[PDB]
Structure formats: structure tokens, C-alpha cells
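Before any questions on binding or motion, here is one chain by itself as C-alpha cells, the form deposited in one PDB entry.
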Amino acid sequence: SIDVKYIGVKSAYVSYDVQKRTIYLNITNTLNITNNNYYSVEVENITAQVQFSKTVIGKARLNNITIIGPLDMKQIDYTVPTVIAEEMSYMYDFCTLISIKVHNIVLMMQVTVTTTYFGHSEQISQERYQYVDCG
């Protein structure tokens, strides 16, 4: 990337800013901007790019071959009992939460077994997480 910005509230290239209880009297503003942005970005010049994959087997014997790629999800148990009894009680559960593995962002890129590539790979993430607000 070139210019990544995280902004709290306000972005202003020029900000003539006024707020509460202000006497804005007798002001003279003269402003000139000559803004130039010039970009020559990610330019590629290749005369020759060769990509070659070759597998050769000559009368061989193969047995018990197992190939498993990344992210091998197997045989998991989740158990969350919630056994609640009462005897003459006043229950006040205002903001109570039960969350099993809640996901927000899952960006999977280049997850394979055999891979050959040429070039550029780029991932950008912005957010404002707030999980819980209870008053």
C-alpha cells in the first residue's frame, strides 16, 4: 500500500472549524492550494517468465499414500451444560451472554496443498470492534 489512514473522528485537508458559543466577527480568509499527486506504482516489466511443473513416475509401486493439507479439522467436543434450579429467588439477568467462538473476520488466502505463483498479495483490514455495551 501507499497511504493507510485510521481516523478518530475527522479528516480534513483544510479545516476552518468553529463550535459552541463563538463570536466569529471580522475575519478575512485567503487560501490557495496547488496540490499535485503523481503515482507510478506497481509497474512490472518481464521479458520471460516460465512456470513449469512436472511429475514423472516409472513403473513404481505406491501404497498407503495420504496427503492432507492445512486446516485439518477433526474430532472435537464442546459441552456447555447450564443446569439451573431455584427455590424462592428473584432472578435479575440484565446483560448476560453465552458465546461459543463467534467470528468477525476470517480472510483465507492461499490455502492449498501445492502452490506456484508470481505476483502480489495484499490484505487490508480496518474496523471498530466494540463487543458489548449494557447500561
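Rigid core: the largest C-alpha set superposing within 1.5 Å between the two forms. One-based numbering along the sequence shown. Residues that one form lacks are left out of the comparison.
The next section is about a form of this same protein that is not shown, the form deposited in another entry.
> With the two forms superposed on the core, which of 106, 60, 84, 100 shows a CA shift of 2 angstroms or more between this form and the one not shown?
Replying inline: It is 60.
>> At a 2 Å cut-off on C-alpha positions, does residue 36 qualify as shifted between this form and the one not shown after fitting the rigid core?
In response: Not so; residue 36 is displaced by less than 2 Å.
> On a core-based superposition, does residue 26 travel 2 Å or more at its Cα between this form and the one not shown?
Replying inline: The answer is no; the displacement is under 2 Å.
> Relative to what is shown, are the Cα atoms of residue 49 and residue 113 closer or farther apart in the other form, where the gap shifts by 3 Å or more?
Replying inline: Pair moves farther apart in the other form.
> Given that the CA-CA distance for residue 52 and residue 42 shifts by 3 Å or more in the other form, does it become closer or farther?
Replying inline: Their C-alpha distance shrinks by at least 3 Å in the other form.
> What stretches, three or more residues long, have all their C-alphas moved by 2 Å or more between this form and the one not shown when the rigid core is held in place?
Replying inline: 45-64 is the only stretch that shifts between this form and the one not shown.
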